[PDB]
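So this first bit is one chain, no partners, the form deposited in one PDB entry, shown in C-alpha cells.
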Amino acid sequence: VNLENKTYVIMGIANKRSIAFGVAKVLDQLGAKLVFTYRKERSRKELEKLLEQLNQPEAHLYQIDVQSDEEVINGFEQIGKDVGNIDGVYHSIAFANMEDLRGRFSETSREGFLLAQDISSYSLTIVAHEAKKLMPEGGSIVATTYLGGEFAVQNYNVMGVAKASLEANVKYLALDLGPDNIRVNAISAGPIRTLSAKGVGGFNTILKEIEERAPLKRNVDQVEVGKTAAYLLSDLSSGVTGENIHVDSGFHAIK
C-alpha cells in the first residue's frame, strides 16, 4: 500500500479526535498528498495546527459546506485547478440536532430529519458527482457510517435512518460510477470519542458494551479506521465496490 503520487481529498476534520484525522495521519504516513475541506473556520484553525504533525509540505485547505451546491461545485473545481486530478475522496461528514439524538425517534421533526439526510447522505452524492470530474482514469470514494444504519441502536435515532440512507447512496453510487472505474465503499466505524459523539445520548454505555461484548473486547480508534481507509482508497481493494467494512472489533457480527 504505497501512496506516493496519489492525491486524496479528506472532508470532515474538526480536531485531533476526528475520525478523518486518523485517516489523514495514515494516508500521510503512506506518502499521499492531501487536500482538506472544512465547514467552520474553527475547523480550519485546527487543521492548520494539525498539519504541523503531518509530512504534507503544502496546506491545501478549502471551505466546503456540503449544504451548498455552489460550495461543493466551486470547491472541487478549485481543487482541480490547484492540485490537478485526484485519486479519491474520504467523506467523514454528518450532522443532526441534539434535540433529535435522544428521547423518542417518533418525535423527530421534519426539518431535523431532512437536515440529517441532506448533510449526512445527500452530501455524498453531489460530492461524488463533482469529484468524478477530477478522476478521468478512475478512483475511490469512501464514506463513514455506523452500525446504527443497519439496526436500531438506542438514542441514535435520526442519525441511524440517515446512515441507512448513506449506506444505500454508496450502493447506488457504486453501480452508477462502476463503468467509470470509480469505486464507492463505506467504513462502519465502532464508537470513538469525538466531538460529534458528544451529541449522542448514552455514549459511555456504548463504549463499555463494546469492551465487554465485541469479539476483540476492546474499542477501535481513529488510526484503525484510517488503515482500512488506506486499503479502500488504494489499489489493494481493486474489485471491491458497494462494500461496507466494519472496523468495530467484530461487534457487527455478534448478537
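By rigid core we mean the largest C-alpha set that fits within 1.5 Å across both forms. One rule holds for the numbers: they count along the sequence shown, beginning at 1.
Undergrad: Could you check which stretch, 142 to 150 or 178 to 186, carries the larger mean CA temperature factor in the entry?
TA: Higher mean C-alpha B-factor: 178 to 186.
Undergrad: Which of the two stretches, 53 to 61 or 24 to 32, shows the higher mean Cα temperature factor in the record?
TA: Mean B over CA atoms: larger for 53 to 61.
Undergrad: Which is it among 108, 120, 74, 169: the one with the largest CA B-factor in the entry?
TA: Largest recorded C-alpha B-factor: 74.
Undergrad: Check the PDB entry and point out which of 85, 125, 165, 157 has the largest C-alpha temperature factor.
TA: Going by the entry's C-alpha B-factors, 85 comes out highest.
Undergrad: If you rank the chain by CA B-factor, which third does residue 134 end up in: lowest, middle or highest?
TA: CA B-factor rank for residue 134: highest third.
Undergrad: For the chain shown, is the CA B-factor of residue 192 in the lowest, middle or highest third of its modelled residues?
TA: Within its chain, residue 192 is a lowest-third residue by C-alpha B-factor, going by the deposited values.
Undergrad: Please say which third, lowest, middle or highest, residue 68 falls into when its CA temperature factor is compared across its chain.
TA: It falls in the top third of the chain.
Undergrad: By its CA B factor, does residue 228 count among the lowest, middle or highest third of the modelled residues in the chain?
TA: It belongs to the lowest third of the chain when residues are ordered by C-alpha B-factor.
Undergrad: Select lowest, middle or highest to describe the third in which the CA B-factor of residue 207 falls within its chain in this entry.
TA: Tercile = middle for this residue's CA B-factor.
This protein has a second form, the form deposited in another entry, left out of what is shown; the following refers to that one.
Undergrad: Report the residue, chosen from 26, 34, 220, 51, for which the CA moves 2 Å or more between this form and the one not shown after the rigid core is overlaid.
TA: Correct option: 220.
Undergrad: Verify the C-alpha shift of residue 210 between this form and the one not shown: is it 2 Å or more after superposing the core?
TA: For residue 210, whose C-alpha is compared between this form and the one not shown after core superposition, the shift is 2 Å or more.
Undergrad: In that other deposited form, do the Cα atoms of residue 227 and residue 210 sit closer or farther apart than here, given a shift of 3 Å or more?
TA: Compared with the form shown here, the C-alpha atoms of residue 227 and residue 210 sit farther apart in that other deposited form, by 3 Å or more.
Undergrad: Can you tell whether residue 210 sits closer to or farther from residue 225 in that other deposited form than it does here, judged by CA atoms, where the change is 3 Å or more?
TA: Farther: residue 210 and residue 225 separate by 3 Å or more in that other deposited form.
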